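Quick look at input.csv (CSV, C-alpha atoms):
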chain,number,residue,atom,x,y,z
Q,1,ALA,CA,21.1,-53.5,-54.0
Q,2,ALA,CA,22.8,-52.3,-50.8
Q,3,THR,CA,22.6,-48.7,-49.6
Q,4,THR,CA,26.4,-48.3,-49.6
Q,5,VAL,CA,29.1,-48.5,-52.3
Q,6,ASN,CA,30.3,-51.7,-50.5
Q,7,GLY,CA,33.5,-49.8,-49.7
Q,8,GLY,CA,35.3,-48.0,-52.4
Q,9,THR,CA,39.0,-47.8,-53.0
Q,10,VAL,CA,41.5,-45.6,-55.0
Q,11,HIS,CA,44.7,-47.2,-56.2
Q,12,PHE,CA,47.5,-44.7,-56.6
Q,13,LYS,CA,50.4,-45.4,-58.9
Q,14,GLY,CA,53.8,-43.8,-58.6
Q,15,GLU,CA,57.4,-44.5,-59.7
Q,16,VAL,CA,57.0,-41.5,-62.0
Q,17,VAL,CA,60.2,-39.9,-60.7
Q,18,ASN,CA,63.6,-41.1,-59.4
Q,19,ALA,CA,65.6,-38.0,-60.0
Q,20,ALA,CA,65.7,-35.7,-56.9
Q,21,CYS,CA,63.4,-37.8,-54.7
Q,22,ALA,CA,62.4,-41.4,-55.0
Q,23,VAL,CA,58.8,-42.2,-54.2
Q,24,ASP,CA,58.4,-44.8,-51.5
Q,25,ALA,CA,57.4,-48.3,-52.5
Q,26,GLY,CA,54.3,-48.0,-50.3
Q,27,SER,CA,53.3,-44.8,-51.9
Q,28,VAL,CA,54.0,-45.9,-55.5
Q,29,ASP,CA,51.5,-48.6,-54.9
Q,30,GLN,CA,48.8,-48.0,-52.3
Q,31,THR,CA,45.1,-48.6,-52.1
Q,32,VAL,CA,43.3,-46.4,-49.6
Q,33,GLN,CA,39.8,-47.6,-48.5
Q,34,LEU,CA,37.1,-45.0,-48.4
Q,35,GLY,CA,34.7,-47.3,-46.7
Q,36,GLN,CA,31.0,-48.0,-47.3
Q,37,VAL,CA,29.8,-44.4,-47.8
Q,38,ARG,CA,26.1,-43.9,-47.3
Q,39,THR,CA,24.3,-43.0,-50.6
Q,40,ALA,CA,21.6,-41.2,-48.6
Q,41,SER,CA,24.3,-38.7,-47.5
Q,42,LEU,CA,25.0,-37.8,-51.1
Q,43,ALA,CA,21.8,-37.1,-52.9
Q,44,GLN,CA,22.6,-34.0,-54.8
Q,45,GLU,CA,25.2,-32.9,-57.4
Q,46,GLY,CA,27.8,-31.1,-55.5
Q,47,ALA,CA,27.5,-33.2,-52.3
Q,48,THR,CA,30.8,-33.9,-50.6
Q,49,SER,CA,31.8,-36.6,-48.1
Q,50,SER,CA,34.5,-36.9,-45.5
Q,51,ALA,CA,38.0,-37.3,-46.9
Q,52,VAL,CA,40.7,-39.7,-45.9
Q,53,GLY,CA,44.2,-38.5,-45.2
Q,54,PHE,CA,46.6,-40.6,-47.3
Q,55,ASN,CA,50.3,-39.7,-47.8
Q,56,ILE,CA,52.8,-40.0,-50.6
Q,57,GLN,CA,56.2,-40.6,-49.1
Q,58,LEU,CA,59.4,-39.6,-50.8
Q,59,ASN,CA,62.7,-41.2,-49.7
Q,60,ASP,CA,65.9,-39.2,-50.0
Q,61,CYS,CA,64.6,-36.0,-51.5
Q,62,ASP,CA,67.2,-33.5,-52.7
Q,63,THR,CA,66.6,-29.8,-52.7
Q,64,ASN,CA,69.6,-28.8,-54.7
Q,65,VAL,CA,68.2,-30.0,-58.0
Q,66,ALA,CA,64.6,-29.4,-56.9
Q,67,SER,CA,62.6,-27.1,-54.6
Q,68,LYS,CA,58.9,-28.1,-54.2
Q,69,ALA,CA,57.0,-31.3,-55.1
Q,70,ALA,CA,53.6,-30.8,-56.7
Q,71,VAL,CA,51.9,-33.9,-58.0
Q,72,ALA,CA,49.4,-34.2,-60.9
Q,73,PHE,CA,46.7,-36.8,-60.6
Q,74,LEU,CA,45.6,-38.4,-63.9
Q,75,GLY,CA,42.6,-40.7,-63.8
Q,76,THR,CA,39.2,-41.4,-65.4
Q,77,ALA,CA,37.0,-38.3,-65.5
Q,78,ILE,CA,33.4,-39.0,-64.7
Q,79,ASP,CA,32.3,-36.1,-66.9
Q,80,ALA,CA,33.6,-33.1,-68.8
Q,81,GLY,CA,32.4,-30.7,-66.2
Q,82,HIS,CA,33.7,-33.0,-63.5
Q,83,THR,CA,37.2,-33.7,-64.8
Q,84,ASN,CA,38.3,-33.1,-61.2
Q,85,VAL,CA,36.3,-36.2,-60.0
Q,86,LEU,CA,37.7,-39.7,-60.4
Q,87,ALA,CA,35.1,-41.8,-62.1
Q,88,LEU,CA,34.4,-45.3,-60.7
Q,89,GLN,CA,36.0,-48.0,-62.8
Q,90,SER,CA,33.2,-49.7,-64.6
Q,91,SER,CA,33.5,-53.4,-64.3
Q,92,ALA,CA,30.1,-53.9,-65.8
Q,93,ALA,CA,29.3,-55.9,-62.7
Q,94,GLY,CA,27.6,-53.1,-60.8
Q,95,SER,CA,29.8,-50.0,-60.4
Q,96,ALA,CA,28.7,-46.9,-58.4
Q,97,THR,CA,27.2,-44.0,-60.2
Q,98,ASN,CA,26.3,-40.3,-59.6
Q,99,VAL,CA,29.4,-40.1,-57.4
Q,100,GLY,CA,33.1,-40.3,-57.6
Q,101,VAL,CA,36.3,-39.5,-55.7
Q,102,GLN,CA,38.4,-36.4,-55.6
Q,103,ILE,CA,41.9,-36.1,-54.5
Q,104,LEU,CA,42.3,-32.9,-52.5
Q,105,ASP,CA,45.6,-31.0,-52.8
Q,106,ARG,CA,47.5,-30.3,-49.6
Q,107,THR,CA,45.6,-27.0,-49.3
Q,108,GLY,CA,42.3,-28.7,-49.5
Q,109,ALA,CA,41.4,-28.3,-53.2
Q,110,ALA,CA,40.1,-30.8,-55.7
Q,111,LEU,CA,42.7,-31.6,-58.4
Q,112,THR,CA,41.7,-31.8,-62.1
Q,113,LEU,CA,42.5,-35.2,-63.7
Q,114,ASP,CA,44.2,-33.4,-66.6
Q,115,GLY,CA,47.6,-35.0,-65.9
Q,116,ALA,CA,49.3,-31.5,-66.1
Q,117,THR,CA,47.3,-30.1,-63.2
Q,118,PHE,CA,49.8,-30.1,-60.3
Q,119,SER,CA,49.1,-29.6,-56.6
Q,120,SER,CA,50.5,-26.8,-54.4
Q,121,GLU,CA,54.1,-26.3,-53.4
Q,122,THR,CA,55.3,-29.1,-51.1
Q,123,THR,CA,58.5,-27.5,-49.7
Q,124,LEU,CA,61.0,-30.3,-50.0
Q,125,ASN,CA,63.6,-31.0,-47.4
Q,126,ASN,CA,66.9,-33.0,-47.8
Q,127,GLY,CA,65.8,-36.4,-46.6
Q,128,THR,CA,62.4,-38.1,-46.0
Q,129,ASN,CA,59.5,-36.1,-47.3
Q,130,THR,CA,55.8,-36.9,-47.3
Q,131,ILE,CA,53.0,-35.3,-49.3
Q,132,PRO,CA,49.6,-35.7,-47.6
Q,133,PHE,CA,46.4,-35.6,-49.7
Q,134,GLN,CA,42.7,-36.1,-49.0
Q,135,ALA,CA,40.5,-38.4,-50.9
Q,136,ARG,CA,36.7,-37.9,-50.6
Q,137,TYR,CA,33.5,-38.8,-52.4
Q,138,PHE,CA,31.8,-36.2,-54.7
Q,139,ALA,CA,28.2,-36.6,-55.8
Q,140,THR,CA,27.2,-35.8,-59.3
Q,141,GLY,CA,23.6,-36.5,-58.4
Q,142,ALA,CA,21.9,-39.2,-56.3
Q,143,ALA,CA,24.8,-41.4,-55.2
Q,144,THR,CA,23.8,-44.9,-56.3
Q,145,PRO,CA,25.3,-48.0,-54.7
Q,146,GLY,CA,27.9,-50.2,-56.4
Q,147,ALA,CA,31.6,-50.6,-56.9
Q,148,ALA,CA,33.0,-47.2,-56.2
Q,149,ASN,CA,36.6,-48.0,-57.0
Q,150,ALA,CA,39.0,-45.8,-59.1
Q,151,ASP,CA,42.6,-45.7,-60.3
Q,152,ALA,CA,44.8,-42.7,-60.3
Q,153,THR,CA,48.4,-42.1,-61.4
Q,154,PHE,CA,50.2,-39.1,-59.8
Q,155,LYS,CA,53.1,-37.2,-61.4
Q,156,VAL,CA,55.2,-35.3,-58.9
Q,157,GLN,CA,56.9,-32.2,-60.2
Q,158,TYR,CA,59.8,-30.6,-58.4
Q,159,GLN,CA,61.9,-30.0,-61.5

Step by step, read the file and then write its structure as structure tokens.
Amino acid sequence: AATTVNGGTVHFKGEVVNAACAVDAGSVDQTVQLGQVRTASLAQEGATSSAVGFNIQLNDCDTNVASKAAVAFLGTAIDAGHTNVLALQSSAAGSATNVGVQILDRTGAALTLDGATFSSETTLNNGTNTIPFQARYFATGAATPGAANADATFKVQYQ
């Protein structure tokens, strides 16, 4: 097999809210490419790679019925002790293993895929808002090559 994950991707799903702020159509459905990460760079449980800086845009966000937006990412957990790492969707065609992808909160902290684990306070403004997060690989051993692609649904909380 190759030495990389052939370029992994994380597809984020939105449309969870339409109350105070409507998530942008490009943010309710976006697939950020992490690229072909080198497996030799992640050869130990706890190894972290460079993150991408993707953004969740909110169109017409009201701060009279809300205050701060904090999203909760729910996705496949790679392990019980690694419920904060998105597991690679297993297509049984050669998915990646001993790694995964974590969504870092706006403060730079890995979010648990609990569904009720929200990010930090994104102070909302009346108008166009954008919540920037960082997606990076996290090794749970010796990063092995394969399809490193995951799915994550985010739930913004402002009320």

Quick one, how far is atom CA of residue Q:155 from atom CA of residue Q:27?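 Rounded to one decimal, the two atoms are 12.2 Å apart.
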
Hey, what's within 9 Å of residue Q:1 if we count only C-alpha atoms and toss same-chain stuff fewer than 2 positions away? As a PyMOL selection string, please? chain Q and resi 3-4+145-146

Keeping C-alpha atoms, export the residues of the selection given above as a PDB file, keeping the file's coordinate frame.
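The resulting file, result-v3.pdb, is shown below:
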ATOM      1  CA  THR Q   3      22.600 -48.700 -49.600  1.00  0.00           C
ATOM      2  CA  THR Q   4      26.400 -48.300 -49.600  1.00  0.00           C
ATOM      3  CA  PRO Q 145      25.300 -48.000 -54.700  1.00  0.00           C
ATOM      4  CA  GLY Q 146      27.900 -50.200 -56.400  1.00  0.00           C
TER       5      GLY Q 146
END

Please report, as a Markdown table, each residue of stretch 20-53 of chain Q lying at most 12 Å from stretch 129-134 of chain Q, together with the nearest pair of atoms and the separation in Å rounded to one decimal; use only C-alpha atoms, and order rows by chain and ascending residue number.
| residue | atom | partner | partner_atom | distance |
| --- | --- | --- | --- | --- |
| Q:20 | CA | Q:129 | CA | 11.4 |
| Q:21 | CA | Q:129 | CA | 8.5 |
| Q:22 | CA | Q:129 | CA | 9.8 |
| Q:23 | CA | Q:130 | CA | 9.2 |
| Q:24 | CA | Q:130 | CA | 9.3 |
| Q:26 | CA | Q:130 | CA | 11.6 |
| Q:27 | CA | Q:130 | CA | 9.5 |
| Q:32 | CA | Q:134 | CA | 10.3 |
| Q:33 | CA | Q:134 | CA | 11.9 |
| Q:34 | CA | Q:134 | CA | 10.5 |
| Q:49 | CA | Q:134 | CA | 10.9 |
| Q:50 | CA | Q:134 | CA | 9.0 |
| Q:51 | CA | Q:134 | CA | 5.3 |
| Q:52 | CA | Q:134 | CA | 5.2 |
| Q:53 | CA | Q:134 | CA | 4.7 |

I need the chosen residues saved as a PDB file, keeping the file's coordinate frame, with C-alpha atoms.
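Listed below is the output, result.pdb:
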ATOM      1  CA  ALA Q  20      65.700 -35.700 -56.900  1.00  0.00           C
ATOM      2  CA  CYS Q  21      63.400 -37.800 -54.700  1.00  0.00           C
ATOM      3  CA  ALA Q  22      62.400 -41.400 -55.000  1.00  0.00           C
ATOM      4  CA  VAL Q  23      58.800 -42.200 -54.200  1.00  0.00           C
ATOM      5  CA  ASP Q  24      58.400 -44.800 -51.500  1.00  0.00           C
ATOM      6  CA  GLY Q  26      54.300 -48.000 -50.300  1.00  0.00           C
ATOM      7  CA  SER Q  27      53.300 -44.800 -51.900  1.00  0.00           C
ATOM      8  CA  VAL Q  32      43.300 -46.400 -49.600  1.00  0.00           C
ATOM      9  CA  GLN Q  33      39.800 -47.600 -48.500  1.00  0.00           C
ATOM     10  CA  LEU Q  34      37.100 -45.000 -48.400  1.00  0.00           C
ATOM     11  CA  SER Q  49      31.800 -36.600 -48.100  1.00  0.00           C
ATOM     12  CA  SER Q  50      34.500 -36.900 -45.500  1.00  0.00           C
ATOM     13  CA  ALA Q  51      38.000 -37.300 -46.900  1.00  0.00           C
ATOM     14  CA  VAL Q  52      40.700 -39.700 -45.900  1.00  0.00           C
ATOM     15  CA  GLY Q  53      44.200 -38.500 -45.200  1.00  0.00           C
TER      16      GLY Q  53
END

Kindly indicate which residue among Q:70, Q:143, Q:78, Q:43 lies nearest to residue Q:107, using only C-alpha atoms for the distances.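 Between Q:70, Q:143, Q:78, Q:43, the residue approaching residue Q:107 most closely is Q:70.
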
One decimal, in Å: what's the spacing between atom CA of residue Q:152 and atom CA of residue Q:64?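 Interatomic distance here is 29.0 Å.
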
How many Å separate atom CA of residue Q:46 from atom CA of residue Q:92? 25.1 Å

Show which residues sit within 8 Å of residue Q:120, as a list in words. Count all atoms listed in the file, and ignore same-chain residues fewer than 2 positions away.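 The contact residues come out as residues 69, 70, 105, 106, 107, 118 and 122 of chain Q.
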
Counting all atoms listed in the file, which residue out of Q:126, Q:63, Q:102, Q:144 sits closest to residue Q:36?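 Once distances to residue Q:36 are computed over all atoms listed in the file, the minimum belongs to Q:144.
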
Rank nothing, just name the residue among Q:74, Q:116, Q:88, Q:96 nearest to residue Q:6, using all atoms listed in the file.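 For residue Q:6, the nearest of the given residues is Q:96.
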
Nearest to residue Q:115 among Q:71, Q:10, Q:48, Q:60, with distances taken over all atoms listed in the file: which residue is it?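 Looking only at the distances to residue Q:115, the closest residue turns out to be Q:71.
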
Here is a test: counting all atoms listed in the file, which residue of Q:58, Q:44, Q:151, Q:128 is nearest to residue Q:15?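 Ranked by minimum distance to residue Q:15, first place goes to Q:58.
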
Selection near residue Q:28, 9 Å with only C-alpha atoms, sequence-local residues under 4 positions removed, as a PDB file with C-alpha atoms, in the coordinates of the input:
ATOM      1  CA  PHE Q  12      47.500 -44.700 -56.600  1.00  0.00           C
ATOM      2  CA  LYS Q  13      50.400 -45.400 -58.900  1.00  0.00           C
ATOM      3  CA  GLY Q  14      53.800 -43.800 -58.600  1.00  0.00           C
ATOM      4  CA  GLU Q  15      57.400 -44.500 -59.700  1.00  0.00           C
ATOM      5  CA  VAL Q  16      57.000 -41.500 -62.000  1.00  0.00           C
ATOM      6  CA  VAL Q  23      58.800 -42.200 -54.200  1.00  0.00           C
ATOM      7  CA  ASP Q  24      58.400 -44.800 -51.500  1.00  0.00           C
ATOM      8  CA  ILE Q  56      52.800 -40.000 -50.600  1.00  0.00           C
ATOM      9  CA  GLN Q  57      56.200 -40.600 -49.100  1.00  0.00           C
ATOM     10  CA  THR Q 153      48.400 -42.100 -61.400  1.00  0.00           C
ATOM     11  CA  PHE Q 154      50.200 -39.100 -59.800  1.00  0.00           C
TER      12      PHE Q 154
END

Nearest to residue Q:148 by atom-to-atom distance, counting all atoms listed in the file, from Q:5, Q:17, Q:83, Q:124: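 Nearest to residue Q:148: Q:5.
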
Since the input lacks some atoms of stretch 136-159 of chain Q, please model N, CA, C and O atoms and print them as a CSV table (one decimal), keeping the file's coordinate frame.
chain,number,residue,atom,x,y,z
Q,136,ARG,N,38.1,-37.9,-51.0
Q,136,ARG,CA,36.7,-37.9,-50.6
Q,136,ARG,C,35.8,-38.2,-51.8
Q,136,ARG,O,36.1,-38.0,-52.9
Q,137,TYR,N,34.5,-38.6,-51.4
Q,137,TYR,CA,33.5,-38.8,-52.4
Q,137,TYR,C,32.9,-37.4,-52.9
Q,137,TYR,O,32.7,-36.5,-52.0
Q,138,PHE,N,32.5,-37.4,-54.1
Q,138,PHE,CA,31.8,-36.2,-54.7
Q,138,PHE,C,30.6,-36.6,-55.5
Q,138,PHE,O,30.8,-37.4,-56.4
Q,139,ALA,N,29.4,-36.2,-55.1
Q,139,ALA,CA,28.2,-36.6,-55.8
Q,139,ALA,C,27.9,-35.8,-57.0
Q,139,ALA,O,28.0,-34.5,-57.0
Q,140,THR,N,27.6,-36.4,-58.1
Q,140,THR,CA,27.2,-35.8,-59.3
Q,140,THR,C,25.6,-35.9,-59.5
Q,140,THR,O,25.1,-35.7,-60.6
Q,141,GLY,N,25.0,-36.4,-58.4
Q,141,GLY,CA,23.6,-36.5,-58.4
Q,141,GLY,C,23.1,-37.3,-57.2
Q,141,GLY,O,23.6,-37.0,-56.1
Q,142,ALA,N,22.3,-38.3,-57.4
Q,142,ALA,CA,21.9,-39.2,-56.3
Q,142,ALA,C,22.8,-40.4,-56.2
Q,142,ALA,O,22.7,-41.3,-57.0
Q,143,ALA,N,23.8,-40.3,-55.3
Q,143,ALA,CA,24.8,-41.4,-55.2
Q,143,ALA,C,24.1,-42.7,-55.2
Q,143,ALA,O,23.3,-43.0,-54.3
Q,144,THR,N,24.4,-43.5,-56.2
Q,144,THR,CA,23.8,-44.9,-56.3
Q,144,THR,C,24.9,-45.9,-55.9
Q,144,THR,O,26.1,-45.8,-56.2
Q,145,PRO,N,24.4,-47.0,-55.2
Q,145,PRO,CA,25.3,-48.0,-54.7
Q,145,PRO,C,26.0,-48.8,-55.8
Q,145,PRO,O,25.5,-48.9,-56.9
Q,146,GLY,N,27.1,-49.4,-55.4
Q,146,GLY,CA,27.9,-50.2,-56.4
Q,146,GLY,C,29.4,-50.1,-56.2
Q,146,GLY,O,29.8,-49.5,-55.2
Q,147,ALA,N,30.2,-50.7,-57.0
Q,147,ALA,CA,31.6,-50.6,-56.9
Q,147,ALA,C,32.1,-49.2,-57.1
Q,147,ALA,O,32.2,-48.8,-58.3
Q,148,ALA,N,32.5,-48.5,-56.1
Q,148,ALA,CA,33.0,-47.2,-56.2
Q,148,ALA,C,34.6,-47.2,-56.0
Q,148,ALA,O,35.1,-46.7,-55.1
Q,149,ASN,N,35.2,-47.8,-57.0
Q,149,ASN,CA,36.6,-48.0,-57.0
Q,149,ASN,C,37.3,-47.3,-58.2
Q,149,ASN,O,36.7,-47.4,-59.3
Q,150,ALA,N,38.4,-46.6,-58.0
Q,150,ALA,CA,39.0,-45.8,-59.1
Q,150,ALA,C,40.5,-46.0,-59.1
Q,150,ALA,O,41.1,-46.4,-58.1
Q,151,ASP,N,41.1,-45.6,-60.2
Q,151,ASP,CA,42.6,-45.7,-60.3
Q,151,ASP,C,43.1,-44.3,-60.7
Q,151,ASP,O,42.6,-43.6,-61.5
Q,152,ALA,N,44.2,-44.0,-60.1
Q,152,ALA,CA,44.8,-42.7,-60.3
Q,152,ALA,C,46.3,-42.7,-60.3
Q,152,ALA,O,46.9,-43.3,-59.4
Q,153,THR,N,46.9,-42.2,-61.3
Q,153,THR,CA,48.4,-42.1,-61.4
Q,153,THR,C,48.9,-40.7,-61.1
Q,153,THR,O,48.4,-39.7,-61.8
Q,154,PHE,N,49.8,-40.5,-60.2
Q,154,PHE,CA,50.2,-39.1,-59.8
Q,154,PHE,C,51.6,-38.8,-60.3
Q,154,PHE,O,52.5,-39.7,-60.3
Q,155,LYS,N,51.8,-37.7,-60.9
Q,155,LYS,CA,53.1,-37.2,-61.4
Q,155,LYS,C,53.6,-36.1,-60.5
Q,155,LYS,O,53.1,-35.0,-60.6
Q,156,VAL,N,54.6,-36.4,-59.7
Q,156,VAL,CA,55.2,-35.3,-58.9
Q,156,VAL,C,56.1,-34.4,-59.8
Q,156,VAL,O,56.7,-34.9,-60.7
Q,157,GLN,N,56.0,-33.1,-59.5
Q,157,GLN,CA,56.9,-32.2,-60.2
Q,157,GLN,C,57.7,-31.3,-59.2
Q,157,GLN,O,57.1,-30.6,-58.4
Q,158,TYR,N,59.0,-31.5,-59.2
Q,158,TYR,CA,59.8,-30.6,-58.4
Q,158,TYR,C,60.9,-30.0,-59.3
Q,158,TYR,O,61.6,-29.1,-58.9
Q,159,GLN,N,61.1,-30.6,-60.5
Q,159,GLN,CA,61.9,-30.0,-61.5
Q,159,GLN,C,61.2,-30.1,-62.8
Q,159,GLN,O,60.9,-29.1,-63.5
